[PDB]
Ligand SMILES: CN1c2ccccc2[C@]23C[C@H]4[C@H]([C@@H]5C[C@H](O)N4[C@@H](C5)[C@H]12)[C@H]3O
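Given as structure tokens, the chain that follows is alone and in the form deposited without the named molecule.
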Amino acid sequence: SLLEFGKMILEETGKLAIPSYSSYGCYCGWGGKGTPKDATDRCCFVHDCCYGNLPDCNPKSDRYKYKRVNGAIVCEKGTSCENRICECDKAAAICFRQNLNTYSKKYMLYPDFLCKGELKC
């Protein structure tokens, strides 16, 4: 679920998901078009594709269970949708952590008209 993914992002990165990732670039938090602006935005593009792979799941509201094993995120077994949604969110949180070194505040509230073209998942 969205709130759960937000907490995972905060725990991972130390950034609050809103406002740090909720409107970043072309893909983080809204939008479906254009070339991702940077590696962080690419994480969101891939996460959007990940959710897109699950058209009969509901990642915004469906809560999955996961644990931290030392630092490792381990998705615990729930329904197939929860397992799949968890792996999507785990990957995005890791991706965000891997790219904090290039995260740029200049892409927060990035305007829609600068995001053009379909990029296929």
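Here, rigid core means the biggest group of C-alpha atoms that superpose within 1.5 Å across both forms. When you see a residue number, it is the position in the sequence shown, counting from 1.
- The segment moving more, judged by mean Cα distance from this form in 8 other deposited structures of this protein after a core overlay, is 63-71 among 63-71 and 44-52.
- Between stretches 109-117 and 15-23, the one whose Cα atoms sit farther from the displayed model in 8 other deposited structures of this protein on average is 109-117 (core-aligned, root mean square).
- Two stretches are in play, 69-77 and 40-48, and the higher mean C-alpha B-factor belongs to 69-77.
- According to the PDB record, 25-33 carries the higher mean C-alpha B-factor of the two stretches 54-62 and 25-33.
- Sort the chain's modelled residues by C-alpha temperature factor and residue 9 lands in the lowest third, per the entry.
The protein also exists as the form solved in complex with the named molecule; that form is not presented, and the subsequent description refers to it.
- In the bound PDB entry, at least one heavy atom of residue 55 sits within 4.5 Å of the named molecule.
- Of the heavy atoms in residue 82, none are within 4.5 Å of the named molecule in the bound PDB entry.
- The named molecule in the bound PDB entry comes within 4.5 Å of a heavy atom belonging to residue 51.
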